[PDB]
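Visitor: This is final13.csv, which holds CSV, C-alpha atoms and all ligand atoms:
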chain,number,residue,atom,x,y,z
S,3,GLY,CA,-36.7,5.7,47.3
S,4,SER,CA,-34.8,2.5,48.5
S,5,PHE,CA,-34.1,-0.2,45.8
S,6,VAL,CA,-36.9,-2.3,47.3
S,7,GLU,CA,-39.3,0.5,46.9
S,8,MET,CA,-38.3,0.5,43.1
S,9,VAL,CA,-39.0,-3.2,42.6
S,10,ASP,CA,-41.9,-3.7,40.3
S,11,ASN,CA,-42.1,-0.1,39.2
S,12,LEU,CA,-42.5,-1.1,35.4
S,13,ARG,CA,-45.7,-2.3,33.6
S,14,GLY,CA,-46.3,-2.9,29.9
S,15,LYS,CA,-48.3,-4.8,27.4
S,16,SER,CA,-46.3,-7.3,25.3
S,17,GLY,CA,-44.8,-5.8,22.0
S,18,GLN,CA,-45.7,-2.3,23.3
S,19,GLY,CA,-42.8,-1.4,25.6
S,20,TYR,CA,-42.4,-1.1,29.3
S,21,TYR,CA,-43.2,2.1,31.2
S,22,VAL,CA,-42.6,3.7,34.5
S,23,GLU,CA,-44.8,6.3,36.3
S,24,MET,CA,-43.4,9.9,36.3
S,25,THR,CA,-44.6,13.3,37.2
S,26,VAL,CA,-43.9,16.5,35.2
S,27,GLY,CA,-44.5,20.1,36.2
S,28,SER,CA,-45.6,22.0,39.3
S,29,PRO,CA,-48.0,21.0,40.6
S,30,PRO,CA,-47.2,17.4,39.4
S,31,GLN,CA,-48.9,15.9,36.4
S,32,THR,CA,-48.8,12.1,36.4
S,33,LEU,CA,-47.8,10.3,33.2
S,34,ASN,CA,-46.7,6.8,32.2
S,35,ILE,CA,-43.4,7.0,30.4
S,36,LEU,CA,-41.9,4.3,28.1
S,37,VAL,CA,-38.3,3.3,29.2
S,38,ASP,CA,-36.1,3.4,26.1
S,39,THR,CA,-32.4,2.6,26.1
S,40,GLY,CA,-32.5,3.1,22.3
S,41,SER,CA,-32.9,6.9,22.3
S,42,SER,CA,-32.0,10.0,24.3
S,43,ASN,CA,-34.9,12.4,24.2
S,44,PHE,CA,-37.4,12.7,27.1
S,45,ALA,CA,-40.7,13.6,25.4
S,46,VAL,CA,-44.4,13.5,26.5
S,47,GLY,CA,-47.7,13.9,24.6
S,48,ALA,CA,-48.7,17.5,25.1
S,49,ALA,CA,-51.9,17.7,23.1
S,50,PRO,CA,-54.9,15.5,22.6
S,51,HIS,CA,-54.5,12.3,20.5
S,52,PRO,CA,-56.9,9.4,19.9
S,53,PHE,CA,-54.6,7.0,21.7
S,54,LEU,CA,-53.6,9.2,24.7
S,55,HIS,CA,-55.5,8.9,28.0
S,56,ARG,CA,-53.9,12.0,29.2
S,57,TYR,CA,-51.2,14.6,28.2
S,58,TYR,CA,-48.8,17.2,29.6
S,59,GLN,CA,-50.6,20.7,30.0
S,60,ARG,CA,-47.7,23.1,30.1
S,61,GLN,CA,-50.1,26.1,30.8
S,62,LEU,CA,-50.8,24.5,34.3
S,63,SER,CA,-47.2,24.3,35.2
S,64,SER,CA,-45.5,27.4,36.8
S,65,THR,CA,-42.1,25.8,36.6
S,66,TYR,CA,-42.3,25.1,32.8
S,67,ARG,CA,-39.7,27.1,30.9
S,68,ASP,CA,-40.1,27.4,27.1
S,69,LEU,CA,-36.8,26.9,25.2
S,70,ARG,CA,-38.2,28.5,21.9
S,71,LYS,CA,-36.9,25.6,19.8
S,72,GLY,CA,-38.7,22.9,17.8
S,73,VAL,CA,-37.5,19.3,17.7
S,74,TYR,CA,-38.4,16.2,15.5
S,75,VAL,CA,-37.4,12.6,16.3
S,76,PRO,CA,-37.9,9.9,13.6
S,77,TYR,CA,-37.6,6.5,15.3
S,78,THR,CA,-37.2,3.2,13.4
S,79,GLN,CA,-41.0,2.9,13.9
S,80,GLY,CA,-43.1,6.1,14.5
S,81,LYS,CA,-42.0,9.7,14.7
S,82,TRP,CA,-43.1,12.9,16.5
S,83,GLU,CA,-42.5,16.6,16.5
S,84,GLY,CA,-42.9,19.1,19.3
S,85,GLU,CA,-41.5,22.0,21.2
S,86,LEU,CA,-38.5,22.0,23.7
S,87,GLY,CA,-38.7,23.4,27.2
S,88,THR,CA,-37.6,22.3,30.7
S,89,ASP,CA,-39.6,21.5,33.8
S,90,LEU,CA,-39.4,19.6,37.1
S,91,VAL,CA,-39.6,15.9,36.9
S,92,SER,CA,-39.9,13.1,39.5
S,93,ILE,CA,-40.3,9.3,39.5
S,94,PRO,CA,-42.7,8.4,42.3
S,95,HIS,CA,-41.4,4.8,42.5
S,96,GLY,CA,-37.8,5.8,41.6
S,97,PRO,CA,-35.2,7.6,43.7
S,98,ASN,CA,-36.5,10.2,46.1
S,99,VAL,CA,-35.5,13.3,44.1
S,100,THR,CA,-36.9,16.0,41.7
S,101,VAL,CA,-34.8,17.3,38.9
S,102,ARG,CA,-35.1,19.9,36.2
S,103,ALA,CA,-34.8,18.3,32.8
S,104,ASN,CA,-35.3,19.0,29.2
S,105,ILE,CA,-38.7,17.9,27.9
S,106,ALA,CA,-40.0,17.7,24.3
S,107,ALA,CA,-43.7,18.6,24.3
S,108,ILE,CA,-45.1,16.4,21.5
S,109,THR,CA,-47.7,18.3,19.5
S,110,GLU,CA,-47.8,16.1,16.3
S,111,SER,CA,-46.9,12.4,15.8
S,112,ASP,CA,-47.4,9.5,13.3
S,113,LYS,CA,-47.4,5.8,14.2
S,114,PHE,CA,-45.7,6.6,17.6
S,115,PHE,CA,-48.5,6.3,20.2
S,116,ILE,CA,-50.0,2.9,20.4
S,117,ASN,CA,-53.8,2.2,21.0
S,118,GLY,CA,-54.2,0.7,24.6
S,119,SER,CA,-50.5,0.8,25.5
S,120,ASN,CA,-51.1,2.9,28.7
S,121,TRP,CA,-48.1,5.2,28.2
S,122,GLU,CA,-48.0,8.9,27.2
S,123,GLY,CA,-44.3,9.7,26.7
S,124,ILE,CA,-40.8,8.3,26.4
S,125,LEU,CA,-37.7,8.3,28.5
S,126,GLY,CA,-34.6,8.1,26.3
S,127,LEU,CA,-31.9,6.7,28.6
S,128,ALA,CA,-29.0,6.6,26.0
S,129,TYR,CA,-26.3,9.3,25.5
S,130,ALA,CA,-26.4,12.9,24.3
S,131,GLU,CA,-24.6,11.9,21.1
S,132,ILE,CA,-27.9,10.7,19.6
S,133,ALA,CA,-30.3,13.3,21.2
S,134,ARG,CA,-32.2,15.5,18.7
S,135,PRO,CA,-31.9,18.2,17.6
S,136,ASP,CA,-28.2,17.7,18.6
S,137,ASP,CA,-25.9,16.6,21.4
S,138,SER,CA,-26.2,19.8,23.3
S,139,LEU,CA,-29.7,18.8,24.5
S,140,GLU,CA,-28.8,17.1,27.9
S,141,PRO,CA,-30.6,13.8,28.4
S,142,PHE,CA,-32.7,13.1,31.4
S,143,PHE,CA,-30.3,10.6,33.1
S,144,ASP,CA,-27.4,13.1,32.7
S,145,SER,CA,-29.5,15.8,34.4
S,146,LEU,CA,-30.5,13.4,37.2
S,147,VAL,CA,-26.9,12.4,37.9
S,148,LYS,CA,-25.6,16.0,37.8
S,149,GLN,CA,-28.3,17.4,40.0
S,150,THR,CA,-28.5,14.7,42.7
S,151,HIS,CA,-26.2,12.2,44.4
S,152,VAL,CA,-27.7,9.3,42.4
S,153,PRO,CA,-24.8,7.0,41.3
S,154,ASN,CA,-24.4,6.9,37.5
S,155,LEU,CA,-25.9,3.5,36.8
S,156,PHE,CA,-29.4,2.0,36.3
S,157,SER,CA,-30.5,-1.6,35.8
S,158,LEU,CA,-33.5,-3.1,34.0
S,159,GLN,CA,-35.3,-6.3,34.8
S,160,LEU,CA,-38.0,-6.7,32.1
S,161,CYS,CA,-40.3,-9.6,32.8
S,162,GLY,CA,-42.3,-11.3,30.1
S,163,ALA,CA,-45.0,-12.1,32.7
S,173,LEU,CA,-52.4,-11.9,30.5
S,174,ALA,CA,-51.2,-9.3,27.9
S,175,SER,CA,-49.8,-7.3,30.9
S,176,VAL,CA,-46.1,-7.5,31.8
S,177,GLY,CA,-44.0,-6.1,34.6
S,178,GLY,CA,-40.5,-5.5,35.8
S,179,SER,CA,-38.2,-3.2,37.6
S,180,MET,CA,-36.0,-0.2,36.8
S,181,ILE,CA,-33.5,0.3,39.6
S,182,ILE,CA,-32.0,3.8,39.5
S,183,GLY,CA,-28.6,4.3,40.9
S,184,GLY,CA,-27.7,0.7,41.7
S,185,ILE,CA,-28.0,-3.1,41.5
S,186,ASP,CA,-30.6,-5.0,43.6
S,187,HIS,CA,-29.2,-8.5,44.2
S,188,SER,CA,-32.8,-9.9,44.8
S,189,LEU,CA,-33.5,-9.4,41.0
S,190,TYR,CA,-31.0,-12.0,39.7
S,191,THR,CA,-29.1,-15.3,40.5
S,192,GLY,CA,-25.6,-16.4,39.6
S,193,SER,CA,-22.9,-14.0,38.4
S,194,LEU,CA,-23.2,-10.7,36.5
S,195,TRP,CA,-21.0,-10.8,33.4
S,196,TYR,CA,-20.0,-7.4,31.8
S,197,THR,CA,-19.5,-6.4,28.3
S,198,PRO,CA,-17.8,-3.0,27.4
S,199,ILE,CA,-19.8,-0.1,26.1
S,200,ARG,CA,-17.9,0.4,22.8
S,201,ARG,CA,-19.0,4.1,22.4
S,202,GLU,CA,-21.3,6.2,24.4
S,203,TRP,CA,-24.1,7.1,21.9
S,204,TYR,CA,-26.5,4.2,21.7
S,205,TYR,CA,-25.6,1.5,24.2
S,206,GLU,CA,-23.2,0.0,21.7
S,207,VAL,CA,-21.7,-3.5,22.4
S,208,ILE,CA,-19.8,-6.2,20.3
S,209,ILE,CA,-21.1,-9.7,19.6
S,210,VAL,CA,-18.2,-12.1,18.9
S,211,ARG,CA,-20.0,-15.3,18.1
S,212,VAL,CA,-23.6,-16.6,17.4
S,213,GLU,CA,-24.6,-20.2,17.9
S,214,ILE,CA,-28.0,-21.9,17.2
S,215,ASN,CA,-28.3,-25.1,19.2
S,216,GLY,CA,-24.6,-24.8,19.8
S,217,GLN,CA,-23.7,-24.7,16.1
S,218,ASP,CA,-21.5,-21.7,15.2
S,219,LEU,CA,-23.0,-19.6,12.3
S,220,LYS,CA,-19.3,-19.4,11.2
S,221,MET,CA,-19.1,-15.9,9.9
S,222,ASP,CA,-16.4,-13.2,10.2
S,223,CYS,CA,-17.5,-11.7,13.6
S,224,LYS,CA,-17.5,-8.2,12.2
S,225,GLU,CA,-20.7,-9.3,10.3
S,226,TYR,CA,-22.4,-9.6,13.7
S,227,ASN,CA,-21.8,-5.9,14.4
S,228,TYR,CA,-22.4,-4.5,10.9
S,229,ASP,CA,-22.6,-1.6,11.4
S,230,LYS,CA,-23.2,-1.5,15.2
S,231,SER,CA,-24.7,-3.7,17.8
S,232,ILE,CA,-26.9,-2.1,20.5
S,233,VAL,CA,-29.1,-2.9,23.6
S,234,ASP,CA,-32.5,-1.3,23.1
S,235,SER,CA,-35.4,-1.7,25.5
S,236,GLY,CA,-37.5,0.3,23.0
S,237,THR,CA,-37.4,-2.2,20.2
S,238,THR,CA,-39.3,-5.4,20.7
S,239,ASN,CA,-37.5,-7.9,18.5
S,240,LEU,CA,-33.9,-9.2,18.2
S,241,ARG,CA,-32.9,-7.5,14.9
S,242,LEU,CA,-29.9,-9.0,13.0
S,243,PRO,CA,-27.9,-7.6,10.0
S,244,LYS,CA,-29.3,-9.2,6.8
S,245,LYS,CA,-26.5,-11.7,6.3
S,246,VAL,CA,-26.6,-12.9,10.0
S,247,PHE,CA,-30.5,-12.9,9.9
S,248,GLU,CA,-30.5,-15.2,6.8
S,249,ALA,CA,-27.9,-17.6,8.4
S,250,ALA,CA,-29.9,-17.6,11.7
S,251,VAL,CA,-33.3,-18.3,10.0
S,252,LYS,CA,-31.7,-21.2,7.9
S,253,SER,CA,-30.4,-22.8,11.1
S,254,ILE,CA,-33.6,-22.4,13.1
S,255,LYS,CA,-35.7,-23.8,10.2
S,256,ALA,CA,-33.3,-26.8,10.0
S,257,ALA,CA,-33.6,-27.4,13.8
S,258,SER,CA,-37.4,-27.1,13.7
S,259,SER,CA,-38.0,-28.9,10.4
S,260,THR,CA,-40.2,-31.6,11.9
S,261,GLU,CA,-42.8,-28.8,11.4
S,262,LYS,CA,-43.0,-26.4,8.4
S,263,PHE,CA,-44.3,-22.9,8.7
S,264,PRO,CA,-45.2,-20.3,6.1
S,265,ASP,CA,-42.7,-17.7,4.8
S,266,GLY,CA,-44.8,-15.0,6.4
S,267,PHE,CA,-44.1,-16.5,9.8
S,268,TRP,CA,-40.2,-16.3,9.3
S,269,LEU,CA,-40.7,-12.6,8.0
S,270,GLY,CA,-42.1,-11.9,11.5
S,271,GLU,CA,-45.4,-10.8,10.0
S,272,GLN,CA,-47.7,-13.8,10.4
S,273,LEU,CA,-48.8,-15.8,13.5
S,274,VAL,CA,-48.2,-19.4,14.1
S,275,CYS,CA,-50.9,-21.1,16.4
S,276,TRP,CA,-51.1,-24.3,18.3
S,277,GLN,CA,-54.0,-25.7,20.3
S,278,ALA,CA,-53.7,-24.0,23.8
S,279,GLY,CA,-51.1,-25.6,26.1
S,280,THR,CA,-49.4,-27.6,23.2
S,281,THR,CA,-46.8,-25.2,21.8
S,282,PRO,CA,-43.9,-27.6,20.8
S,283,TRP,CA,-41.0,-25.7,22.5
S,284,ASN,CA,-38.6,-28.6,22.1
S,285,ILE,CA,-38.5,-28.5,18.4
S,286,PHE,CA,-37.1,-24.9,18.4
S,287,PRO,CA,-33.4,-24.4,19.2
S,288,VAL,CA,-31.6,-22.2,21.7
S,289,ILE,CA,-29.8,-19.1,20.4
S,290,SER,CA,-26.5,-18.2,22.0
S,291,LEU,CA,-25.1,-14.7,21.7
S,292,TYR,CA,-21.5,-14.4,22.8
S,293,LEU,CA,-20.6,-10.8,24.0
S,294,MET,CA,-17.1,-9.4,24.1
S,295,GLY,CA,-15.8,-9.6,27.6
S,296,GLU,CA,-13.7,-7.1,29.7
S,297,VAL,CA,-10.5,-9.0,29.0
S,298,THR,CA,-8.8,-9.5,25.6
S,299,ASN,CA,-10.4,-12.4,23.5
S,300,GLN,CA,-12.6,-13.5,26.4
S,301,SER,CA,-16.4,-13.5,26.1
S,302,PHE,CA,-19.5,-14.8,27.8
S,303,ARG,CA,-22.7,-16.0,26.4
S,304,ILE,CA,-26.3,-15.2,26.9
S,305,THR,CA,-28.7,-18.0,25.9
S,306,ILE,CA,-32.2,-17.2,24.5
S,307,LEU,CA,-34.9,-20.0,24.5
S,308,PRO,CA,-37.8,-20.1,22.1
S,309,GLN,CA,-40.1,-18.9,24.9
S,310,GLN,CA,-38.2,-15.6,24.4
S,311,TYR,CA,-38.0,-15.4,20.6
S,312,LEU,CA,-41.5,-16.7,19.9
S,313,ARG,CA,-43.6,-13.7,21.2
S,314,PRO,CA,-47.1,-14.6,22.3
S,315,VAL,CA,-49.8,-12.4,20.7
S,316,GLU,CA,-52.7,-12.2,23.2
S,317,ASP,CA,-56.1,-12.0,21.4
S,318,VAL,CA,-59.3,-13.2,22.9
S,319,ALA,CA,-60.5,-14.1,19.4
S,320,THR,CA,-57.7,-16.6,18.9
S,321,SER,CA,-57.7,-17.9,22.5
S,322,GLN,CA,-58.7,-21.5,21.7
S,323,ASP,CA,-55.0,-21.5,20.6
S,324,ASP,CA,-51.7,-20.0,21.7
S,325,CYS,CA,-50.4,-17.9,18.9
S,326,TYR,CA,-46.9,-16.3,18.4
S,327,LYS,CA,-45.0,-14.0,16.2
S,328,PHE,CA,-41.4,-14.9,15.3
S,329,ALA,CA,-39.6,-12.0,17.2
S,330,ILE,CA,-36.4,-12.0,15.1
S,331,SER,CA,-36.2,-9.5,12.2
S,332,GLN,CA,-33.8,-8.4,9.5
S,333,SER,CA,-32.1,-5.0,10.1
S,334,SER,CA,-30.2,-2.7,7.8
S,335,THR,CA,-28.8,-0.6,10.8
S,336,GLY,CA,-27.0,-3.3,12.8
S,337,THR,CA,-28.0,-5.7,15.5
S,338,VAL,CA,-30.6,-4.6,18.0
S,339,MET,CA,-30.9,-6.6,21.2
S,340,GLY,CA,-34.5,-5.7,21.9
S,341,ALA,CA,-36.8,-6.4,24.7
S,342,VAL,CA,-37.3,-10.1,23.8
S,343,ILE,CA,-33.6,-10.5,24.4
S,344,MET,CA,-33.5,-8.5,27.6
S,345,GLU,CA,-36.6,-10.3,29.1
S,346,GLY,CA,-35.5,-12.7,31.8
S,347,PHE,CA,-32.0,-11.2,32.2
S,348,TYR,CA,-31.1,-8.5,34.7
S,349,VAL,CA,-29.3,-5.9,32.6
S,350,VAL,CA,-27.1,-3.4,34.3
S,351,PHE,CA,-26.3,-0.2,32.5
S,352,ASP,CA,-23.1,0.6,34.3
S,353,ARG,CA,-22.5,4.1,32.8
S,354,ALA,CA,-19.9,5.0,35.5
S,355,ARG,CA,-17.7,2.1,34.3
S,356,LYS,CA,-18.7,2.2,30.6
S,357,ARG,CA,-20.0,-1.5,30.6
S,358,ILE,CA,-23.2,-3.4,30.6
S,359,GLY,CA,-23.8,-6.3,32.9
S,360,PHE,CA,-26.0,-9.3,32.2
S,361,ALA,CA,-27.3,-11.9,34.7
S,362,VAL,CA,-30.1,-14.5,34.8
S,363,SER,CA,-33.1,-12.7,36.2
S,364,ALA,CA,-35.4,-13.8,39.1
S,365,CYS,CA,-38.0,-13.8,36.3
S,366,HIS,CA,-36.0,-16.1,34.0
S,367,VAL,CA,-37.3,-18.3,31.2
S,368,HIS,CA,-37.1,-22.0,32.0
S,369,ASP,CA,-39.1,-25.1,31.2
S,370,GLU,CA,-38.4,-28.7,32.6
S,371,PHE,CA,-35.6,-29.2,30.1
S,372,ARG,CA,-33.7,-25.9,29.3
S,373,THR,CA,-33.0,-22.7,31.1
S,374,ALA,CA,-31.8,-19.2,29.8
S,375,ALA,CA,-28.2,-18.7,31.0
S,376,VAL,CA,-25.4,-16.1,31.3
S,377,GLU,CA,-22.1,-17.9,31.4
S,378,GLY,CA,-18.4,-17.8,30.7
S,379,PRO,CA,-15.6,-17.3,30.2
S,380,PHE,CA,-15.0,-18.4,26.6
S,381,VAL,CA,-11.7,-17.8,24.9
S,382,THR,CA,-11.0,-17.4,21.2
S,383,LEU,CA,-7.7,-18.0,19.4
S,384,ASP,CA,-8.4,-15.7,16.4
S,385,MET,CA,-7.0,-12.2,17.1
S,386,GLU,CA,-9.6,-10.4,14.9
S,387,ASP,CA,-11.3,-7.3,16.3
S,388,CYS,CA,-15.0,-7.9,16.0
S,389,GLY,CA,-15.9,-4.2,15.9
S,390,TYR,CA,-17.1,-3.0,12.5
S,391,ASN,CA,-17.1,0.8,12.6
S,401,LIG,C1,-39.0,-2.2,14.7
S,401,LIG,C2,-39.6,-1.3,15.8
S,401,LIG,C3,-40.7,-1.7,16.5
S,401,LIG,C4,-41.2,-1.0,17.6
S,401,LIG,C5,-40.6,0.2,18.0
S,401,LIG,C6,-39.4,0.6,17.3
S,401,LIG,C7,-38.9,-0.2,16.2
S,401,LIG,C8,-38.7,1.8,17.7
S,401,LIG,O1,-38.4,2.6,16.8
S,401,LIG,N1,-38.5,2.0,19.0
S,401,LIG,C9,-37.9,3.2,19.5
S,401,LIG,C10,-36.5,3.1,19.9
S,401,LIG,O2,-36.0,4.5,20.3
S,401,LIG,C11,-35.7,2.8,18.6
S,401,LIG,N2,-34.2,2.7,18.8
S,401,LIG,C12,-33.4,2.7,17.6
S,401,LIG,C13,-33.7,1.4,16.8
S,401,LIG,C14,-31.9,2.7,18.2
S,401,LIG,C15,-33.6,4.0,16.9
S,401,LIG,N3,-34.1,4.3,15.7
S,401,LIG,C16,-34.1,5.6,15.6
S,401,LIG,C17,-33.4,6.1,16.7
S,401,LIG,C18,-33.1,7.6,17.0
S,401,LIG,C19,-34.0,8.0,18.2
S,401,LIG,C20,-31.6,7.7,17.5
S,401,LIG,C21,-33.3,8.7,16.0
S,401,LIG,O3,-33.1,5.1,17.6
S,401,LIG,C22,-38.8,3.6,20.8
S,401,LIG,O4,-40.2,3.8,20.3
S,401,LIG,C23,-41.2,3.6,21.4
S,401,LIG,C24,-41.3,2.1,21.7
S,401,LIG,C25,-42.5,1.4,21.5
S,401,LIG,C26,-42.6,0.0,21.8
S,401,LIG,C27,-42.1,-0.9,20.7
S,401,LIG,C28,-43.1,-0.8,19.5
S,401,LIG,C29,-42.5,-1.5,18.3
S,401,LIG,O5,-43.2,-2.4,17.8
Could you render the structure from this file as structure tokens?

Guide:
Amino acid sequence: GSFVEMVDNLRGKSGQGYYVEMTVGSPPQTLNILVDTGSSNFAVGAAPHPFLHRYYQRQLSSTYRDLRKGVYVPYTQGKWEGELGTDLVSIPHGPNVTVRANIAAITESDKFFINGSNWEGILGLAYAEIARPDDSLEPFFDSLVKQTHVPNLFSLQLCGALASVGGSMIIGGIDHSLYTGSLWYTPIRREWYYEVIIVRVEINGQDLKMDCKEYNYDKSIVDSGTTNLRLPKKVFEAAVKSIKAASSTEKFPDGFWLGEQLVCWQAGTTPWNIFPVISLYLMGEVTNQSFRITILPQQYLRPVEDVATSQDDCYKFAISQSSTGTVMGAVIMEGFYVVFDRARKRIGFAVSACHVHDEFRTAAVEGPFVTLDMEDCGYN
């Protein structure tokens, strides 16, 4: 249960989430569970499905307790429905503890489970305010903290790592071997999603020049369950215009910028240097101070592994328009060590031990930056 024994406890397939091994029930039933900072329900496949290798069999668990209540969660992509109950849960490569937690037993779903993803359930790590059916359903992490001495903090090192990816979820603390340089903290604005505030956006150091509330219209969040960086429409359009300008020595079809169509180069020849760096400036812990996190094209051009196209390297543009605020998804978290410091209501970013670099540019977390304008960047 030591932090070192938690290193490398995550696996995934690119664009399909990262998952940790758990057990549910007595005796323990092993399942792989997607780690989601963008939701707050713990839910597991509990009936057969074409894409599930295995599923939770409540009838084999003596500790299962039925709560006699249904529950439905509609995600941005995918949805499921099922029955609530509680059971014992453990994380074999997490802390050394067993807790009783709410579990939604999924009995019907649509476009939620993913063919070949290797996971069978979801661990929503965000706060009760966004749990279904309502905020009286205590989330898993709340139960863990209440029932054990685990400190109220976890960290995620998602590695873009050949379709297979890895990383680490450190429960209850911060493992200094997983990052270099300083950790910079941004405040959690409200405990529902992991809501943060972006104060500035640059593309190859050119400010997008918008009122900073636009960046957080109508919230900005850190979400390991969404793949892409998602940007409010107005911000999205300004960003795409600036990235197109920076990369204009090559022209790509509209479908590529819509994040729908692949772009392919002969293997080993991807022209990284024509694509700009994106800087996201996060509110700091002191008034009108910020820090920035810098994203390279190796993070926002997501490779799509496919043997059939493997004479080439092919990528999707991993930035999408949103109508529900900014989503700093997995492609933004990859190569940073991200500390979800619930105890101190803040989120820490540092350059990860698995960072993106090439011979010219390196992903960075740096600061402080000061801004003269006294405007509050929070929208809501
Ligand atoms: C646009 C989008 C893409 C994808 C998933 C998603 C979206 C997606 O919806 N991911 C899920 C994550 O919980 C979504 N988080 C936000 C956007 C905050 C959200 N929307 C709705 C909610 C409530 C739960 C509060 C009702 O929260 C997690 O799903 C499992 C992850 C699978 C891997 C990513 C697969 C993917 O391609």

Visitor: To one decimal place, how far is CA of residue 356 in chain S from atom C28 of ligand LIG 401 (chain S) in Å?

Guide: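 Computing the Euclidean distance for CA of residue 356 in chain S and atom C28 of ligand LIG 401 (chain S) yields 27.0 Å.
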
Visitor: Using only C-alpha atoms and all ligand atoms, determine which residues fall within 6 Å of ligand LIG 401 (chain S), then list them as a list in words.

Guide: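 Checked against 6 Å with only C-alpha atoms and all ligand atoms; the hits are residues 17, 18, 19, 38, 40, 41, 75, 76, 77, 78, 79, 132, 236, 237 and 238 of chain S.
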
Visitor: Kindly extract all protein, DNA and RNA residues lying within 7 Å of the coordinates (-28.8, 2.8, 39.2) given in the file, considering only C-alpha atoms, and supply them as number ranges by chain.

Guide: S: 153-157, 181-185

Visitor: Contacts of residue 276 in chain S at 12 Å or less, counting all atoms listed in the file, minus same-chain residues fewer than 3 places along, as a PyMOL selection string?

Guide: chain S and resi 261+263+273+279-283+314+320-326

Visitor: Rounded to one decimal in Å, what is the spacing between CA of residue 239 in chain S and CA of residue 179 in chain S?

Guide: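 So the answer is 19.7 Å.
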
Visitor: Give the answer as one residue: which of S:112, S:74, S:8, S:120 has the shortest atom-to-atom distance to residue 21 in chain S, using only C-alpha atoms?

Guide: S:120

Visitor: So which one's closest to residue 365 in chain S, S:286, S:351, S:190, S:58? Using all atoms listed in the file, please.

Guide: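 Counting all atoms listed in the file, the residue closest to residue 365 in chain S is S:190.
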
Visitor: Given the point (-13.9, -20.4, 24.6) in the file's coordinates, find the residues that have an atom at most 9 Å from it, counting all atoms listed in the file, and give them as number ranges by chain.

Guide: S: 299-302, 378-383

Visitor: Compare S:196, S:226, S:247, S:311 by their minimum atom-to-atom distance to residue 390 in chain S, counting all atoms listed in the file, and give me the closest one.

Guide: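 Once distances to residue 390 in chain S are computed over all atoms listed in the file, the minimum belongs to S:226.
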
Visitor: Suppose you want the space between CA of residue 255 in chain S and CA of residue 231 in chain S; what is it in Å?

Guide: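 Straight-line distance from CA of residue 255 in chain S to CA of residue 231 in chain S works out to 24.1 Å.
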
Visitor: Which residue out of S:64, S:92, S:284, S:391 has the minimum interatomic distance to residue 33 in chain S when only C-alpha atoms are used?

Guide: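 Nearest candidate to residue 33 in chain S out of S:64, S:92, S:284, S:391: S:92.
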
Visitor: Any idea what's packed within 8 Å of residue 110 in chain S, counting all atoms listed in the file, ignoring anything in its chain fewer than 6 positions away? Could you give it as a ChimeraX atom specification?

Guide: /S:82-84

Visitor: With distances taken over all atoms listed in the file, which of S:124, S:330, S:147, S:49 is nearest to residue 23 in chain S?

Guide: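 Once distances to residue 23 in chain S are computed over all atoms listed in the file, the minimum belongs to S:124.
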
Visitor: Calculated over all atoms listed in the file, which of the candidates S:334, S:11, S:31, S:290 has the smallest distance to residue 122 in chain S?

Guide: S:31

Visitor: Please identify all polymer residues within 12 Å of residue 107 in chain S, counting all atoms listed in the file, omitting same-chain residues fewer than 4 positions from it, and present them as a PyMOL selection string.

Guide: chain S and resi 26+43-50+57-61+66-75+82-89+111+122-124
